[PDB]
């Protein structure tokens, strides 16, 4: 079927803050991509093969709030710009791509999927250039192949004059090596 996505806000500003400090989240989890926040910035996190991966430039070395209190990161790789925690209970995991396709689809924090043409192991180009403002908050989001499998996690926008024309991502391979580290 075609890739479709929807977004749902499960928590607000004040509840987010209290939860950040407390580190205890009793809310139920659903979905394969979680919208995530710290008191400083908001980004995305993607569950692949049972691990909730996200961008290090967003999560830093922080723990993730869970119903059992904060959870310590399973993987941290400042270089790869990755962090991973055990996937929250209730989440659904994506599976790594096994077809090396060059036609990728980026899911933004607004639940939109945009086509991206793979131009390297970690780069791809937007078929329809969007302003980086639209991409703000999407670091850590998934880059899916036509089969709905994870190819990479969005990391940075390649833009000029404020218009994103390409994107840099973390290919799934970096995940396997980072876990091995």
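For clarity, a rigid core is taken as the largest C-alpha set superposing within 1.5 Å between two forms. Numbering follows the first chain given and starts at 1.
Visitor: With everything overlaid on the rigid core, name the stretch, 53-61 or 29-37, whose CA atoms wander farther on average in 4 other deposited structures of this protein.
Guide: Output: 29-37, the stretch lying farther off on average in 4 other deposited structures of this protein.
Visitor: For the stretches 165-173 and 15-23, which has the higher mean C-alpha B-factor as given in the deposited record?
Guide: Taking the mean C-alpha B-factor of 165-173 and of 15-23, the larger value falls to 165-173.
Visitor: Taking only the CA atoms, which stretch has the higher mean B-factor in the record, 120-128 or 136-144?
Guide: According to the PDB entry, the answer is 120-128.
Visitor: Out of 108, 101, 91, 73, which residue has the highest Cα temperature factor in the PDB record?
Guide: The C-alpha B-factor peaks, among 108, 101, 91, 73, at 101.
Visitor: Can you pull the Cα B-factors for 41, 66, 46, 63 from the entry and say which is highest?
Guide: Highest CA B-factor of the listed options: 41.
Visitor: Within this chain, which third does the Cα B-factor at residue 10 fall in: lowest, middle or highest?
Guide: Residue 10: CA B-factor falls in the lowest third of its chain.
Visitor: Once the chain's modelled residues are ordered by C-alpha B factor and cut into thirds, is residue 83 in the lowest, middle or highest one?
Guide: According to the entry, residue 83 has a C-alpha B-factor in the chain's lowest third.
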